[PDB]
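Next up, model-v3.pdb (PDB, C-alpha atoms):
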```
ATOM      1  CA  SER A  56      38.915 -54.088  14.354  1.00  0.00           C
ATOM      2  CA  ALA A  57      37.414 -50.856  15.666  1.00  0.00           C
ATOM      3  CA  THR A  58      38.735 -51.939  19.062  1.00  0.00           C
ATOM      4  CA  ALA A  59      42.282 -52.337  17.755  1.00  0.00           C
ATOM      5  CA  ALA A  60      42.122 -48.782  16.449  1.00  0.00           C
ATOM      6  CA  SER A  61      41.019 -47.670  19.910  1.00  0.00           C
ATOM      7  CA  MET A  62      44.031 -49.398  21.477  1.00  0.00           C
ATOM      8  CA  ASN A  63      46.148 -47.368  19.087  1.00  0.00           C
ATOM      9  CA  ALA A  64      44.479 -44.347  20.664  1.00  0.00           C
ATOM     10  CA  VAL A  65      45.228 -45.539  24.218  1.00  0.00           C
ATOM     11  CA  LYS A  66      48.984 -45.998  23.860  1.00  0.00           C
ATOM     12  CA  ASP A  67      49.706 -42.284  23.357  1.00  0.00           C
ATOM     13  CA  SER A  68      47.980 -41.327  26.599  1.00  0.00           C
ATOM     14  CA  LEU A  69      50.007 -43.917  28.470  1.00  0.00           C
ATOM     15  CA  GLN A  70      53.179 -42.435  26.964  1.00  0.00           C
ATOM     16  CA  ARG A  71      52.183 -38.882  27.904  1.00  0.00           C
ATOM     17  CA  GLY A  72      51.684 -40.015  31.478  1.00  0.00           C
ATOM     18  CA  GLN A  73      55.176 -41.468  31.492  1.00  0.00           C
ATOM     19  CA  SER A  74      56.587 -38.152  30.260  1.00  0.00           C
ATOM     20  CA  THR A  75      54.897 -36.091  32.959  1.00  0.00           C
ATOM     21  CA  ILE A  76      56.198 -38.409  35.652  1.00  0.00           C
ATOM     22  CA  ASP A  77      59.768 -38.099  34.305  1.00  0.00           C
ATOM     23  CA  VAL A  78      59.615 -34.310  34.541  1.00  0.00           C
ATOM     24  CA  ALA A  79      58.346 -34.608  38.101  1.00  0.00           C
ATOM     25  CA  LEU A  80      61.147 -37.024  39.001  1.00  0.00           C
ATOM     26  CA  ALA A  81      63.855 -34.697  37.685  1.00  0.00           C
ATOM     27  CA  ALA A  82      62.502 -31.809  39.729  1.00  0.00           C
ATOM     28  CA  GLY A  83      62.267 -34.116  42.730  1.00  0.00           C
ATOM     29  CA  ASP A  84      65.910 -35.133  42.520  1.00  0.00           C
ATOM     30  CA  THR A  85      66.942 -31.486  42.468  1.00  0.00           C
ATOM     31  CA  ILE A  86      64.687 -30.829  45.464  1.00  0.00           C
ATOM     32  CA  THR A  87      66.154 -33.691  47.494  1.00  0.00           C
ATOM     33  CA  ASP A  88      69.671 -32.405  46.910  1.00  0.00           C
ATOM     34  CA  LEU A  89      68.600 -28.944  48.043  1.00  0.00           C
ATOM     35  CA  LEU A  90      67.006 -30.407  51.174  1.00  0.00           C
ATOM     36  CA  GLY A  91      70.214 -32.206  52.080  1.00  0.00           C
ATOM     37  CA  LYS A  92      72.151 -28.971  51.726  1.00  0.00           C
ATOM     38  CA  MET A  93      69.598 -27.113  53.851  1.00  0.00           C
ATOM     39  CA  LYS A  94      69.935 -29.686  56.618  1.00  0.00           C
ATOM     40  CA  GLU A  95      73.692 -29.203  56.539  1.00  0.00           C
ATOM     41  CA  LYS A  96      73.277 -25.429  56.852  1.00  0.00           C
ATOM     42  CA  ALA A  97      70.809 -25.670  59.737  1.00  0.00           C
ATOM     43  CA  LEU A  98      73.000 -28.172  61.569  1.00  0.00           C
ATOM     44  CA  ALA A  99      76.023 -25.913  61.180  1.00  0.00           C
ATOM     45  CA  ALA A 100      74.095 -22.925  62.499  1.00  0.00           C
ATOM     46  CA  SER A 101      72.810 -24.786  65.564  1.00  0.00           C
ATOM     47  CA  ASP A 102      76.157 -24.231  67.235  1.00  0.00           C
ATOM     48  CA  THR A 103      76.253 -21.986  70.294  1.00  0.00           C
ATOM     49  CA  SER A 104      79.996 -21.282  70.094  1.00  0.00           C
ATOM     50  CA  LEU A 105      79.473 -19.368  66.863  1.00  0.00           C
ATOM     51  CA  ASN A 106      80.174 -15.708  66.188  1.00  0.00           C
ATOM     52  CA  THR A 107      77.371 -13.211  65.657  1.00  0.00           C
ATOM     53  CA  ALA A 108      78.439 -12.579  62.051  1.00  0.00           C
ATOM     54  CA  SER A 109      78.470 -16.208  60.879  1.00  0.00           C
ATOM     55  CA  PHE A 110      74.927 -16.944  62.017  1.00  0.00           C
TER      56      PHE A 110
ATOM     57  CA  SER B  56       3.669 -68.539 -22.958  1.00  0.00           C
ATOM     58  CA  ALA B  57       2.132 -65.345 -21.595  1.00  0.00           C
ATOM     59  CA  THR B  58       3.524 -66.434 -18.229  1.00  0.00           C
ATOM     60  CA  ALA B  59       7.056 -66.757 -19.593  1.00  0.00           C
ATOM     61  CA  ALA B  60       6.815 -63.194 -20.865  1.00  0.00           C
ATOM     62  CA  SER B  61       5.745 -62.132 -17.378  1.00  0.00           C
ATOM     63  CA  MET B  62       8.810 -63.819 -15.871  1.00  0.00           C
ATOM     64  CA  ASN B  63      10.856 -61.733 -18.276  1.00  0.00           C
ATOM     65  CA  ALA B  64       9.158 -58.755 -16.647  1.00  0.00           C
ATOM     66  CA  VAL B  65       9.982 -59.965 -13.115  1.00  0.00           C
ATOM     67  CA  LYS B  66      13.740 -60.354 -13.534  1.00  0.00           C
ATOM     68  CA  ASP B  67      14.389 -56.623 -14.016  1.00  0.00           C
ATOM     69  CA  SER B  68      12.696 -55.725 -10.739  1.00  0.00           C
ATOM     70  CA  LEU B  69      14.796 -58.294  -8.923  1.00  0.00           C
ATOM     71  CA  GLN B  70      17.918 -56.744 -10.463  1.00  0.00           C
ATOM     72  CA  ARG B  71      16.876 -53.217  -9.476  1.00  0.00           C
ATOM     73  CA  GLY B  72      16.451 -54.390  -5.906  1.00  0.00           C
ATOM     74  CA  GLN B  73      19.967 -55.781  -5.957  1.00  0.00           C
ATOM     75  CA  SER B  74      21.301 -52.429  -7.181  1.00  0.00           C
ATOM     76  CA  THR B  75      19.617 -50.422  -4.438  1.00  0.00           C
ATOM     77  CA  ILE B  76      20.999 -52.741  -1.786  1.00  0.00           C
ATOM     78  CA  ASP B  77      24.542 -52.355  -3.184  1.00  0.00           C
ATOM     79  CA  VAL B  78      24.327 -48.571  -2.913  1.00  0.00           C
ATOM     80  CA  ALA B  79      23.116 -48.923   0.663  1.00  0.00           C
ATOM     81  CA  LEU B  80      25.973 -51.297   1.499  1.00  0.00           C
ATOM     82  CA  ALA B  81      28.620 -48.912   0.164  1.00  0.00           C
ATOM     83  CA  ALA B  82      27.249 -46.065   2.253  1.00  0.00           C
ATOM     84  CA  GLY B  83      27.099 -48.401   5.237  1.00  0.00           C
ATOM     85  CA  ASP B  84      30.755 -49.353   4.963  1.00  0.00           C
ATOM     86  CA  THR B  85      31.723 -45.687   4.927  1.00  0.00           C
ATOM     87  CA  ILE B  86      29.502 -45.094   7.963  1.00  0.00           C
ATOM     88  CA  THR B  87      31.050 -47.948   9.946  1.00  0.00           C
ATOM     89  CA  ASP B  88      34.536 -46.596   9.319  1.00  0.00           C
ATOM     90  CA  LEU B  89      33.422 -43.164  10.499  1.00  0.00           C
ATOM     91  CA  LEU B  90      31.901 -44.682  13.640  1.00  0.00           C
ATOM     92  CA  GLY B  91      35.154 -46.431  14.483  1.00  0.00           C
ATOM     93  CA  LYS B  92      37.028 -43.160  14.127  1.00  0.00           C
ATOM     94  CA  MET B  93      34.476 -41.366  16.307  1.00  0.00           C
ATOM     95  CA  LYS B  94      34.900 -43.956  19.046  1.00  0.00           C
ATOM     96  CA  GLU B  95      38.645 -43.405  18.915  1.00  0.00           C
ATOM     97  CA  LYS B  96      38.169 -39.643  19.266  1.00  0.00           C
ATOM     98  CA  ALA B  97      35.750 -39.952  22.187  1.00  0.00           C
ATOM     99  CA  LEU B  98      38.012 -42.431  23.964  1.00  0.00           C
ATOM    100  CA  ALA B  99      40.989 -40.116  23.549  1.00  0.00           C
ATOM    101  CA  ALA B 100      39.031 -37.173  24.922  1.00  0.00           C
ATOM    102  CA  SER B 101      37.825 -39.082  27.990  1.00  0.00           C
ATOM    103  CA  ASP B 102      41.187 -38.483  29.615  1.00  0.00           C
ATOM    104  CA  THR B 103      41.290 -36.262  32.692  1.00  0.00           C
ATOM    105  CA  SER B 104      45.017 -35.492  32.442  1.00  0.00           C
ATOM    106  CA  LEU B 105      44.412 -33.559  29.236  1.00  0.00           C
ATOM    107  CA  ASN B 106      45.038 -29.882  28.583  1.00  0.00           C
ATOM    108  CA  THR B 107      42.184 -27.431  28.117  1.00  0.00           C
ATOM    109  CA  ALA B 108      43.186 -26.749  24.500  1.00  0.00           C
ATOM    110  CA  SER B 109      43.263 -30.366  23.295  1.00  0.00           C
ATOM    111  CA  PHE B 110      39.751 -31.175  24.480  1.00  0.00           C
TER     112      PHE B 110
END
```
Translate the structure described by the file into structure tokens.
Amino acid sequence: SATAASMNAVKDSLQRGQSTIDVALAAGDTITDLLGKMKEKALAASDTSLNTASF
Amino acid sequence: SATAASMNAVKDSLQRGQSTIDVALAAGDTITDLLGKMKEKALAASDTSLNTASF
């Protein structure tokens, strides 16, 4: 029965690991959106017919 | 009949031995519970994803 108590101790650590990964995933989604937008900006600026004040 | 009187003397010592072993057993049960709890604590602390203030 001591071992069953220890399993009770293990489950919380597994849950904490889940939580940390969720936070990381949220930040990652935001970062991927920002990277898409940055690609759009760089692509738009790669144009050689552009004015000096839009670059 | 002297021997029967001596048996009367022996029974009390046997009973005293029983009593001492009961006290020891009670303390031992408490100790085993404490050891289970200590294992749980050590297992929980063996985690490397843990903060510096929970250790």
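The result of the ChimeraX specification (/A :<7) & /B on the shown file is residues 91, 95 and 99 of chain B.
In terms of minimum interatomic distance to residue 110 in chain B, B:97 ranks closest within B:69, B:81, B:90, B:97, counting all atoms listed in the file.
Rounded to one decimal, CA of residue 109 in chain A and CA of residue 92 in chain A lie 16.9 Å from each other.
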| field | Point-to-point distance from CA of residue 102 in chain A to CA of residue 88 in chain A, Å rounded to tenths | value | 22.8 Å
Produce the centre coordinates and the three edge lengths, each in Å to one decimal, of the box along x, y and z that contains all listed atoms of range 71-81 of chain B with 4 Å added on each side, as lines of an AutoDock Vina configuration file.
```
center_x = 22.5
center_y = -52.2
center_z = -4.0
size_x = 20.2
size_y = 15.2
size_z = 19.0
```
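CA of residue 106 in chain B is found 26.0 Å from CA of residue 85 in chain A.
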For range 68-87 of chain A, where the input has fewer atoms than it should, I would like N, CA, C and O atoms rebuilt and written as a PDB file, in the frame of the given file.
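Output below, filename part_1.pdb:
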```pdb
ATOM      1  N   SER A  68      48.261 -41.841  25.267  1.00  0.00           N
ATOM      2  CA  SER A  68      47.980 -41.327  26.599  1.00  0.00           C
ATOM      3  C   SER A  68      48.869 -41.982  27.638  1.00  0.00           C
ATOM      4  O   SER A  68      49.376 -41.309  28.548  1.00  0.00           O
ATOM      5  N   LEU A  69      49.082 -43.291  27.524  1.00  0.00           N
ATOM      6  CA  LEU A  69      50.007 -43.917  28.470  1.00  0.00           C
ATOM      7  C   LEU A  69      51.396 -43.288  28.369  1.00  0.00           C
ATOM      8  O   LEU A  69      52.046 -43.008  29.389  1.00  0.00           O
ATOM      9  N   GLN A  70      51.850 -43.019  27.145  1.00  0.00           N
ATOM     10  CA  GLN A  70      53.179 -42.435  26.964  1.00  0.00           C
ATOM     11  C   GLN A  70      53.259 -41.024  27.538  1.00  0.00           C
ATOM     12  O   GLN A  70      54.264 -40.651  28.162  1.00  0.00           O
ATOM     13  N   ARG A  71      52.211 -40.226  27.340  1.00  0.00           N
ATOM     14  CA  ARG A  71      52.183 -38.882  27.904  1.00  0.00           C
ATOM     15  C   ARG A  71      52.261 -38.919  29.422  1.00  0.00           C
ATOM     16  O   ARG A  71      52.952 -38.095  30.042  1.00  0.00           O
ATOM     17  N   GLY A  72      51.564 -39.868  30.039  1.00  0.00           N
ATOM     18  CA  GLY A  72      51.684 -40.015  31.478  1.00  0.00           C
ATOM     19  C   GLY A  72      53.105 -40.312  31.911  1.00  0.00           C
ATOM     20  O   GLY A  72      53.611 -39.728  32.882  1.00  0.00           O
ATOM     21  N   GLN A  73      53.767 -41.227  31.202  1.00  0.00           N
ATOM     22  CA  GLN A  73      55.176 -41.468  31.492  1.00  0.00           C
ATOM     23  C   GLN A  73      55.987 -40.182  31.455  1.00  0.00           C
ATOM     24  O   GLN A  73      56.675 -39.853  32.423  1.00  0.00           O
ATOM     25  N   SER A  74      55.795 -39.374  30.411  1.00  0.00           N
ATOM     26  CA  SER A  74      56.587 -38.152  30.260  1.00  0.00           C
ATOM     27  C   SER A  74      56.392 -37.214  31.445  1.00  0.00           C
ATOM     28  O   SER A  74      57.364 -36.663  31.991  1.00  0.00           O
ATOM     29  N   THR A  75      55.137 -37.004  31.848  1.00  0.00           N
ATOM     30  CA  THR A  75      54.897 -36.091  32.959  1.00  0.00           C
ATOM     31  C   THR A  75      55.605 -36.596  34.206  1.00  0.00           C
ATOM     32  O   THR A  75      56.212 -35.814  34.954  1.00  0.00           O
ATOM     33  N   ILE A  76      55.533 -37.907  34.456  1.00  0.00           N
ATOM     34  CA  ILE A  76      56.198 -38.409  35.652  1.00  0.00           C
ATOM     35  C   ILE A  76      57.715 -38.233  35.568  1.00  0.00           C
ATOM     36  O   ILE A  76      58.360 -37.979  36.590  1.00  0.00           O
ATOM     37  N   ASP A  77      58.323 -38.354  34.381  1.00  0.00           N
ATOM     38  CA  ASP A  77      59.768 -38.099  34.305  1.00  0.00           C
ATOM     39  C   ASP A  77      60.104 -36.663  34.682  1.00  0.00           C
ATOM     40  O   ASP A  77      61.089 -36.411  35.391  1.00  0.00           O
ATOM     41  N   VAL A  78      59.340 -35.699  34.167  1.00  0.00           N
ATOM     42  CA  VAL A  78      59.615 -34.310  34.541  1.00  0.00           C
ATOM     43  C   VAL A  78      59.534 -34.148  36.053  1.00  0.00           C
ATOM     44  O   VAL A  78      60.401 -33.518  36.688  1.00  0.00           O
ATOM     45  N   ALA A  79      58.493 -34.724  36.656  1.00  0.00           N
ATOM     46  CA  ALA A  79      58.346 -34.608  38.101  1.00  0.00           C
ATOM     47  C   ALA A  79      59.539 -35.215  38.822  1.00  0.00           C
ATOM     48  O   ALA A  79      60.027 -34.656  39.807  1.00  0.00           O
ATOM     49  N   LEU A  80      60.034 -36.353  38.337  1.00  0.00           N
ATOM     50  CA  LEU A  80      61.147 -37.024  39.001  1.00  0.00           C
ATOM     51  C   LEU A  80      62.421 -36.196  38.932  1.00  0.00           C
ATOM     52  O   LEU A  80      63.190 -36.149  39.899  1.00  0.00           O
ATOM     53  N   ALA A  81      62.682 -35.565  37.787  1.00  0.00           N
ATOM     54  CA  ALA A  81      63.855 -34.697  37.685  1.00  0.00           C
ATOM     55  C   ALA A  81      63.783 -33.577  38.714  1.00  0.00           C
ATOM     56  O   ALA A  81      64.743 -33.330  39.471  1.00  0.00           O
ATOM     57  N   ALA A  82      62.646 -32.880  38.751  1.00  0.00           N
ATOM     58  CA  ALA A  82      62.502 -31.809  39.729  1.00  0.00           C
ATOM     59  C   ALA A  82      62.673 -32.341  41.143  1.00  0.00           C
ATOM     60  O   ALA A  82      63.278 -31.683  41.998  1.00  0.00           O
ATOM     61  N   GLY A  83      62.172 -33.550  41.397  1.00  0.00           N
ATOM     62  CA  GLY A  83      62.267 -34.116  42.730  1.00  0.00           C
ATOM     63  C   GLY A  83      63.694 -34.411  43.139  1.00  0.00           C
ATOM     64  O   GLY A  83      64.066 -34.229  44.301  1.00  0.00           O
ATOM     65  N   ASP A  84      64.507 -34.893  42.203  1.00  0.00           N
ATOM     66  CA  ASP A  84      65.910 -35.133  42.520  1.00  0.00           C
ATOM     67  C   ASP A  84      66.604 -33.833  42.895  1.00  0.00           C
ATOM     68  O   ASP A  84      67.354 -33.765  43.886  1.00  0.00           O
ATOM     69  N   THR A  85      66.367 -32.781  42.109  1.00  0.00           N
ATOM     70  CA  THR A  85      66.942 -31.486  42.468  1.00  0.00           C
ATOM     71  C   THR A  85      66.502 -31.057  43.865  1.00  0.00           C
ATOM     72  O   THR A  85      67.314 -30.578  44.671  1.00  0.00           O
ATOM     73  N   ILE A  86      65.220 -31.250  44.174  1.00  0.00           N
ATOM     74  CA  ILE A  86      64.687 -30.829  45.464  1.00  0.00           C
ATOM     75  C   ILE A  86      65.318 -31.606  46.611  1.00  0.00           C
ATOM     76  O   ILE A  86      65.626 -31.038  47.664  1.00  0.00           O
ATOM     77  N   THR A  87      65.535 -32.907  46.429  1.00  0.00           N
ATOM     78  CA  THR A  87      66.154 -33.691  47.494  1.00  0.00           C
ATOM     79  C   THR A  87      67.584 -33.248  47.752  1.00  0.00           C
ATOM     80  O   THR A  87      68.023 -33.180  48.910  1.00  0.00           O
TER      81      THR A  87
END
```
